[PDB]
Amino acid sequence: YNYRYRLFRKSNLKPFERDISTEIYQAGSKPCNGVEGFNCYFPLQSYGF
Amino acid sequence: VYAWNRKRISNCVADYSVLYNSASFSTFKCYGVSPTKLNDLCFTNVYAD
């Protein structure tokens, strides 16, 4: 279960671009300021391996 | 909920944009994209129950 990938980003990444950012992503519904809630969630996951 | 029937919603405009913003239920989750992305889509019908 250690293998990480990203579900949400403000734009798609460029050729051989990379992004270390964790954050809580906000879908414009509320400025949730680094804590989860309705329409705002942590954007990294790891697989159900 | 284990044994009920379901039927198509069709030929009328999918309010998924308002359905994404609205806290109309205690939780929601999706097989395809987020509801804001579903607000850009179409189908012959959505089967529902």
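What the entry reports as its method is cryo-EM, with 3.4 Å given for the resolution.

Colleague: Help me understand the overall build of chain A, please; the structure alone is not making it clear to me.
Modeller: Along its length, chain A carries zero helices and four strands. Projected onto the principal axes, the alpha-carbon positions of chain A cover approximately 30 × 30 × 15 Å. Residue pairs in contact within chain A that sit at least 24 positions apart in sequence constitute 41% of those at least 6 positions apart.

Colleague: Mind showing me how you'd approach the state of the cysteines here?
Modeller: Disulfides are covalent bonds that connect the sulfur atoms of two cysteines. Residue A:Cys32 pairs covalently with A:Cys40 via a disulfide, S to S 2.0 Å. Every disulfide takes its handedness from the sign of the S-S torsion; for A:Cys32 and A:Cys40 that torsion is -90 degrees, giving left-handed. Of all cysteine sulfurs, the one in B:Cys42 lies closest to B:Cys12, which takes part in no disulfide; the gap is 10 Å. Of all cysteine sulfurs, the one in A:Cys40 lies closest to B:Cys30, which takes part in no disulfide; the gap is 16 Å.

Colleague: What is the right way to read the pattern of salt bridges from this model?
Modeller: In this structure, A:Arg9 and A:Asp19 form a salt bridge, with 2.8 Å as the shortest nitrogen-oxygen distance. Of the two residues, A:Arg9 sits in the loop between β1 (4-6) and β2 (25-26) while A:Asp19 sits in the loop between β1 and β2, which places them 10 residues apart along the sequence.

Analysis parameters
Residues numbered from 1 in each chain as written, not as in the entry; some residues may be left out. Chains lettered and ligands numbered in written order. Part of a larger assembly, values for the part shown. Heavy atoms only, no water. Residues with missing side-chain atoms left out of burial classes, pairs and counts. Helix = DSSP H or I, 4+ residues; strand = E, 2+ residues; numbered from the N terminus. Contact = heavy atoms within 4.5 Å. Disulfide = S-S within 2.5 Å. Salt bridge = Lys/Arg side-chain N within 4 Å of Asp/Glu carboxyl O.

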